[PDB]
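Structure record follows, encoded as structure tokens.
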Amino acid sequence: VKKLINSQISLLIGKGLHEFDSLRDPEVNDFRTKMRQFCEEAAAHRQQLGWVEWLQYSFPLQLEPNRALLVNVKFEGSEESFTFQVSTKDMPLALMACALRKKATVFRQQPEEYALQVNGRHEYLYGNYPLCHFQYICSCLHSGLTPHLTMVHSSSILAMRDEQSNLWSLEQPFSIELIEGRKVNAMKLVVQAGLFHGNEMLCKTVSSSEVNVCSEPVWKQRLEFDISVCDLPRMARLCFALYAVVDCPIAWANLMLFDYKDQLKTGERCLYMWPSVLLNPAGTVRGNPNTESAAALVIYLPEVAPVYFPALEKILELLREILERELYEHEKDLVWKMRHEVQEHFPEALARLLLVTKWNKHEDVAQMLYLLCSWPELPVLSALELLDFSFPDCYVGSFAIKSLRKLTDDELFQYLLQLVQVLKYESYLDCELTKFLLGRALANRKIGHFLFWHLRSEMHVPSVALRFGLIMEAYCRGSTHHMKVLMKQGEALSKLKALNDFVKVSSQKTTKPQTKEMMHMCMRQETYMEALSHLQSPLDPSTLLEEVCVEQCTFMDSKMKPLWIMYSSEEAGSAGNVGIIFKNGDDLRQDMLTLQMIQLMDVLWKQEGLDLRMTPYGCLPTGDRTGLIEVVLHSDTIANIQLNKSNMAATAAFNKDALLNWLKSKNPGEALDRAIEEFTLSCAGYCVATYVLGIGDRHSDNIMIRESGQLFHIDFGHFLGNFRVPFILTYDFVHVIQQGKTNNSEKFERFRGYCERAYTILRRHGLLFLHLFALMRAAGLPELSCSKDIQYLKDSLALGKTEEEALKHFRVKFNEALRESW
Ligand SMILES: CS(=O)(=O)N1CCN(Cc2cc3nc(-c4cccc5[nH]ncc45)nc(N4CCOCC4)c3s2)CC1
């Protein structure tokens with residue numbers, strides 16, 4: 001059986017476990033056994049949670065960031081059901097109490113023994129929260145639908161938990177022998193080598209001698225560094241670049257100077273190099289796995305004798321405010337001079353102080369560290385900054401995580417993407433971020449779900465295959481049942497891939513009707529109906545994808561022929577009708593990032609009492625240029641609506657009215673007012689978001705409308721101006737906002753106010769967007785590479801200005817946009 005699990009994990013993670021063994025690597029070995037132990041204890045803890053606590057793990061609450069409503073309630077093993085009138089202000093307990101009085105009178109005769117399940121979803125209502133604080137109840141109130149809930153007893157929840165069981169001494173210069181290589185090229189070869197601590201060089205770079213493109217080249221030369229061996233910090237990174245000149249980059253490679261056991265490295269190393277875009281301090285510190293073809297480098301670390309980085313005990317033993325809100329040398333000097341006063345009176349300036357400490361002088365690093373050890377904990381915002389590559393020191397990183405432990409699960413969820421990308425900065429396999437991520441993942445199944453997919457979706461990338469593989473295995477050890485739930489998900493994704501391939505071939509040889517009919521036959525095969533039905537959605541583990549609705553599945557006409565799959569569910573009713581899009585061949589990472597940022601804006605806006613009626617729909621890369629998009633039902637693109645089709649409700653005399661006619665047919669009489677309002681609020685949100693994010697190429701094919709009137713955006717291929725994208729006012733939206741009128745400054749100016757409020761709120765969290773984008777730089781996304789992309793966000797949010805200047809400036813961009821509206 002232990003054999004069976006092993007094989008199922010290998011299949012799930014997209015890598016055979018035997019492949020970890022073949023490496024015969026102490027570090028991999030150690031990571032695997034340590035992390036397995038840590039995960040198994042978390043799984044032990046879990047099997048003994050109270051039932052409310054188990055619910056908290058398995059289905060965490062979906063909460064928002066007087067009035068009467070109707071709700072329908074039923075008991076688990078029963079057809080019969082009761083509709084109740086309650087207040088939005090009532091706790092779930094009150095509602096559970098009615099349900100039992102209604103049961104007892106029909107049936108002829110304790111609320112605390114139950115929780116409420118959302119019908120046909122893995123979602124639950126419990127806690128001390130007014131009904132309208134639950135996202136589900138909120139949703140229902142807006143759309144107008146009646147909440148439908150099931151009373152699930154405590155014994156039923158426990159049956160679920162039950163079924164889911166499992167040194168200072170060395171003053172001489174640092175130096176290496178560069179021995180030889182075995183590359184490929186056209187001219188002379190050179191090797192540049194520098195020592196780095198993050199971005200900062202620890203001393204000048206040093207160069208090789210020139211030897212012709214010859215072989216299989218040989219050097220046997222000492223390269224000596226203009227720093228002493230006792231001054232190398234714990235996180236010292238030696239970087240190499242090999243190129244050609246009479247400039248032509250060939251390859252690079254980096255390693256840590258201390259291994260994972262803190263021991264300084266000696267003697268000979270073989271370095272399998274990565275092929276180039278000259279020095280790459282931020283690149284991984286593990287060699288290329290394609291050792292068959294990779295250019296190799298042999299160097300020799302000299303035996304300085306066995307030496308270890310001194311323990312913490314030995315470490316411990318050893319106009320200010322005016323600037324303190326890029327600094328000159330003397331400025332740096334004051335800060336260092338006044339570090340105690342910084343620790344005492346300005347703890348939040350830790351980072352600026354860290355950036356001024358001389359990391360190439362051990363006495364100084366000792367002193368900076370001395371302060372770090374008694375530094376008070378910092379807010380989440382500050383901690384996120386410290387995770388940046390600018391702070392490679394492990395005591396800093398450890399302090400950062402320590403300051404992050406106070407993340408709520410909702411917050412952790414919101415930043416999960418960036419924390420994962422930061423893993424690519426790590427120097428070793430066993431690290432605080434990993435154990436942190438895994439422990440929080442083992443305490444929250446939703447966290448666990450998205451961690452798994454963020455990791456799984458990158459297994460085709462050699463620089464991270466090993467690390468990410470190792471983490472997913474360890475997690476699997478911590479949850480056998482969820483492993484099985486995830487495979488079921490991977491099996492469906494495997495079949496969609498095969499079906500998508502057929503559709504690609506087929507569509508090149510036959511008409512769309514014929515391909516769709518054969519797609520349906522293919523889907524109707526037993527293997528497919530089985531693989532495609534009865535899973536949790538990778539887009540949202542609380543969404544259940546029950547019976548695939550074959551007749552309604554089809555595909556889109558764009559290059560990659562993405563599949564459009566519909567599902568239904570008797571037990572969920574209408575909310576069990578959900579749709580996913582499967583795309584293979586395009587990159588979805590940029591869309592996911594953009595959509596997480598828009599969703600963050602929505603959270604910040606709602607935290608200040610501003611709901612702009614956003615449509616934050618799921619988007620999730622799952623594999624190599626593979627992932628899923630959630631279908632927002634009851635929506636259509638502007639373009640489709642603007643086709644101005646005859647024999648249709650929305651039949652216009654002027655194309656400018658098409659959109660308004662459409663909203664009118666979806667929203668008869670009095671409902672129209674609210675639809676126009678919903679359109680107005682969301683339009684503001686999206687105009688601000690796309691402006692702040694530099695999302696261009698917006699047009700009537702990538703903008704959508706919901707039947708409620710909410711406007712949203714799909715298919716982002718560009719952001720951060722990676723085409724300065726101007727603010728955008730489209731006429732036809734302005735026409736809707738104006739309720740059809742040529743002049744309606746009263747409506748138009750409400751709309752301006754919404755844009756300004758939304759904009760000024762985001763400026764106030766400008767710093768949170770900058771730290772998050774900074775961490776995203778580790779993604780390797782082509783439009784998020786360097787400083788100018790970040791600067792795009794400084795400029796868009798005008799963060800160097802007072803609120804009055806930024807607003808005035810914004811007013812010019814906006815007024816400029818209105819002129820541009822015809
Ligand atoms: C004739 S046809 O069969 O070829 N086709 C043409 C017109 N289509 C309209 C659509 C295109 C469309 N593209 C996307 C997408 C495409 C590429 C990247 C993306 N990122 N995010 C979305 C998205 N996402 C969509 N969503 C996302 C969620 O909300 C409703 C449907 C829709 S709806 C429907 C039928």
Side-chain angles (χ1 to χ4, degrees), residues 143 417 457 496 499-500 503-504 506-508 510-520 537-540 543 545 549 551-567 575 577-599 613-623 625-645 648 659 662 666 678 682 685-686 689-690 693 695-719 781 783:
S143 59
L417 184 45
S457 73
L496 292 163
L499 186 68
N500 209 337
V503 159
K504 285 174 189 196
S506 179
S507 67
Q508 300 302 110
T510 192
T511 73
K512 178 153 192 183
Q514 274 167 337
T515 294
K516 178 178 160 140
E517 199 33 61
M518 278 181 287
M519 180 196 270
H520 294 168
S537 173
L539 288 159
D540 175 4
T543 292
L545 314 173
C549 198
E551 273 299 332
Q552 279 293 285
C553 301
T554 178
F555 66 98
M556 283 175 277
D557 293 354
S558 63
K559 205 191 164 195
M560 263 20 234
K561 259 68 191 158
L563 311 190
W564 185 277
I565 309 300
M566 291 302 302
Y567 281 93
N577 288 336
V578 287
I580 66 192
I581 293 164
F582 177 88
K583 194 161 60 232
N584 165 68
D586 285 323
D587 190 359
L588 277 186
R589 300 174 298 151
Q590 170 134 2
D591 272 16
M592 172 180 65
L593 185 60
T594 294
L595 283 152
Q596 300 203 339
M597 290 306 165
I598 288 171
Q599 140 100 25
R613 310 293 316 136
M614 311 290 283
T615 301
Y617 62 86
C619 173
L620 179 73
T622 49
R625 267 167 301 149
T626 302
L628 295 180
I629 295 159
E630 168 181 20
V631 170
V632 183
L633 297 174
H634 302 120
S635 61
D636 208 7
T637 71
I638 306 297
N640 259 313
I641 300 177
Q642 284 182 329
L643 276 181
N644 206 7
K645 42 287 217 78
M648 312 266 188
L659 236 196
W662 182 89
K666 306 302 199 182
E678 294 270 289
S682 53
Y686 284 99
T690 57
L693 299 177
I695 293 180
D697 201 33
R698 298 287 89 205
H699 50 62
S700 78
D701 285 286
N702 53 216
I703 307 170
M704 305 197 78
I705 341 274
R706 288 224 246 168
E707 293 171 358
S708 72
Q710 295 166 83
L711 170 150
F712 64 100
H713 284 244
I714 53 167
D715 188 353
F716 316 90
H718 299 73
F719 79 8
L781 262 42
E783 295 176 40

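Heads up: numbering here begins at 1 and tracks the sequence. Only heavy atoms go into these numbers, but all of them, side chains included; no hydrogens, no water, no symmetry mates. Each ligand, and each atom within it, is numbered from 1 in the order the structure gives.
Within a 4.0 Å radius of atom 6 (C) of ligand 1, the protein contributes no heavy atom. Within a 4.0 Å radius of atom 20 (N) of ligand 1, the protein contributes one or more non-hydrogen atoms. Inside a 4.0 Å radius of atom 34 (C) of ligand 1 there is not any protein heavy atom.
A donor-acceptor pair under 3.5 Å is absent between the side-chain atoms of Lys666 and the main chain of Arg706, judged by distance alone. Without hydrogens or angle criteria, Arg698 side chain to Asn702 main chain gives a donor-acceptor distance under 3.5 Å. Judged by distance alone, with hydrogens and angles left aside, the side-chain atoms of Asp591 form a donor-acceptor pair with the main-chain N or O of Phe716 at under 3.5 Å. Proximity of a side-chain donor or acceptor of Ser507 to a complementary backbone N or O of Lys504 within less than 3.5 Å is detected. For the pair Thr626 (side chain) and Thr622 (backbone), a donor-acceptor distance under 3.5 Å is absent.
Looking at ligand 1, you won't find any N or O of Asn640 less than 3.5 Å from one of its N or O atoms. Below 3.5 Å of separation, one finds an N or O of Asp591 facing an N or O of ligand 1. Residue-to-ligand polar distances place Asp715 within reach of ligand 1: an N/O pair is separated by less than 3.5 Å. Between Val632 and ligand 1, an N or O atom pair is found at a separation short of 3.5 Å.
Atom numbering of ligand 1 starts at 1 in the shown order; those under 4.0 Å from a heavy atom of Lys512 are 3 (O). Contact atoms of ligand 1 toward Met704: 30 (C), 33 (S) (distance under 4.0 Å to a heavy atom of the residue). Heavy-atom contacts of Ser635 reach the following atoms of ligand 1: 30 (C) (cutoff under 4.0 Å). Heavy-atom proximity to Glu630, at under 4.0 Å, picks out these atoms of ligand 1: 27 (C), 28 (C). Applying the 4.0 Å criterion to heavy atoms of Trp564 picks out, from ligand 1, the atoms 31 (C).
Closest to atom 25 (C) of ligand 1 among all protein heavy atoms lies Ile581 CD1, 3.8 Å. For atom 13 (N) of ligand 1, the closest non-hydrogen atom on the protein side is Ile714 CD1, 3.6 Å. For atom 8 (N) of ligand 1, the closest non-hydrogen atom on the protein side is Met556 SD, 4.6 Å.
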Is there a side chain to side chain contact (heavy atoms under 4.5 Å, CB included) between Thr690 and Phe719 once you walk through the steps?
-> CA-CA 8 Å; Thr690 57; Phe719 79 8; over 6 Å; no
Candidate pair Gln552 and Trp564, rule side chain to side chain contact (heavy atoms under 4.5 Å, CB included), full reasoning | CA-CA 8 Å; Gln552 279 293 285; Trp564 185 277; over 6 Å; no
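Looking at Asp586 against ligand 1, nothing comes within 4.0 Å, counting heavy atoms. Within the 4.0 Å heavy-atom criterion, both parts of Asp557, backbone and side chain, lie near ligand 1. When non-hydrogen atoms are compared, ligand 1 lies under 4.0 Å from neither the backbone nor the side chain of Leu588. If you look at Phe555 next to ligand 1, the close heavy atoms, those under 4.0 Å, all belong to the backbone. Using a 4.0 Å cut-off between heavy atoms, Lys561 makes no contact with ligand 1 at all. With a 4.0 Å cut-off on non-hydrogen atoms, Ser558 does not touch ligand 1 at all. Contact annotation: for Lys583 versus ligand 1, heavy atoms closer than 4.0 Å belong to the side chain alone.
Residues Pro538 and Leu620 approach most closely at O-CD2, 3.1 Å, considering heavy atoms. Counting all heavy atoms, side chain and backbone alike, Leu633 lies closest to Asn577 at CD1-O, 2.9 Å. In plain terms, the two heavy atoms of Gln642 and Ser700 that are nearest each other are OE1-CB, 3.8 Å.
Ring-plane geometry between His713 and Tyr686 is classed as parallel, the angle between the planes falling under 30 degrees on a 0 to 90 degree scale with a further cut at 60.
With atom 9 (C) of ligand 1 as the reference point, the heavy atom nearest to it among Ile629, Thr637, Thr615 is part of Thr637.
Interatomic distance, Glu630 CD to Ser537 OG, rounded to the nearest 0.5 Å: 8.0 Å.
Shown are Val632, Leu545, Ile565; of these, the side-chain contact (heavy atoms from CB on, under 4.5 Å) with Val578 is made only by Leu545.
Annotation: cation-pi pair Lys512/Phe555 present, NZ/CZ under 6.0 Å from the ring centroid and within 45° of its normal.
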